[PDB]
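Okay, here we've got a single chain as C-alpha cells, the form deposited in one PDB entry, with questions on binding and movement later.
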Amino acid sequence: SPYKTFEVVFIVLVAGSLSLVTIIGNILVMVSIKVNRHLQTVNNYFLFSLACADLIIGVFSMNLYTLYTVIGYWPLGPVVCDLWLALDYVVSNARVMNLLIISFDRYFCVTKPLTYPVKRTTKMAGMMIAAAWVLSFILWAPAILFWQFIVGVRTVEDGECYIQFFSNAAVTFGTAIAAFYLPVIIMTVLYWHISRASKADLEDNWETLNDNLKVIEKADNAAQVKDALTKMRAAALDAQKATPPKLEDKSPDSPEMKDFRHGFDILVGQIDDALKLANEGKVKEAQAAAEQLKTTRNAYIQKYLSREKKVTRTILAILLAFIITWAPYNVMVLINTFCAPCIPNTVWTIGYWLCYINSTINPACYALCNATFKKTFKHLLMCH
C-alpha cells in the first residue's frame, strides 16, 4: 500500500506547515505592535487580542488535532482531552466576541462621532478585551471540564475525545445558533451600516491625490506614471474648486482662500512639468518630480487634515475570512440534527480544519496590507 502511506505523510506535512505559518504570522503581528509605538492604536489592540487567540490555535489546537486524526484515537488521556476541548472553545469564543468588539467599536465611530472617539482609549480597549476572555472562560470552561461530575458519569470512552453534553444533536445546533449564526448576523448588519455611512467629498479628493502620488514613486513602467498623473490632476482640480474647513469661515476673496487655490495652481504646474518629462523620455526624472510634488504638497498641507476606506475594507476582510472558514463546519452541525450519516468523519475533519485555517490567513487580512506593519516586519527580520 504505497498510496495510503503517502496520504499520511502528505497530511502530516500539510498540517505541520499550516501550524508553522499560523505561529510565525501571528507572532510577527504581536511583536510588531509591542516594539513600535506607531502601531499601538485602539484598532491594533483589538488585532493584538485577535492574533493572540490565533497563536494559541496554531500552537495547541492544530497540533493536538493532527495527533488525534493521524493516530486514529486520543492517546493523551481524558484529562488532556478535556483541557484541549475547553481551551479550543474558550479561545474560539473569545475570537467571535473580539470580532463583535471590532464591529461595534467601528459602528460607534461612524454613528456617534461627537461622543465615542473621546471615550476610545487603550484602557477601555483593554477592559473590553479582558471581559471577553473572562466571559468566554465562564461560558465554556466549567461546562466542558465539569459536566461529567454534574451528571456523575463520564460517557466519553477511552480513546475518544468529545464534549460530553454534545451527545444530543439538537444541543450542538443550539450552540451553533448562539455562538456562530447570531454573531455573524450581528456583524453583517453592523458592517451594512458601516459601508452605508462611508457611502465627505473633500476627503475623497485628497486621498486620491496622495494615493496616486505614491504610485508614481513606486511605478515599474510608463503606464503607471501616466494613469497616476492624470487621475491625480483630475482630483487636484476637484479639490481646488471646493472650500476646505477654513478657520473664521472666510470669503473666497480672503488671503486664506486665495493662497489655498494658489497652492493647487502650483501643484498642477509641477504635474504638467512631470507629465512633459515623462513624454520626452525622462520617465525617471518624472518620478524625481514626484519628490518636488511632495515638497509643494507638504509646503501647503496646513489647509487640510482619511484612511477610513482602508479601515472599512480591513474589517470586511477579517469578517469574510471568519464567515467563509467557519460556515462549512456549522452547516454540518445543522445537517447532523436530522441526518448524522450525511456527514462522514472525513468531512467533519475538513470542516474542523477550515476553522483552524481562519487563524492562518487572519494576519494577511490586515498586516500584509498596512504600510506600518510591513516596515516593522522588515525590521524584525533583518540581521542587526
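Residue numbers run from 1 along the displayed sequence. Between two forms, the rigid core is defined as the largest C-alpha subset superposing within 1.5 Å.
What comes next is about the form deposited in another entry, which is not displayed.
After superposition on the rigid core, the single residue among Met127, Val79, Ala299, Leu135 whose C-alpha moves by 2 Å or more between the shown form and the other one is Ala299.
Core-aligned CA deviation for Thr155 between the shown form and the other one: less than 2 Å. Once you line up the core between the shown form and the other one, the Cα of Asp273 ends up 2 Å or more from where it was.
The Cα position of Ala222 differs by 2 Å or more between the shown form and the other one after fitting on the rigid core.
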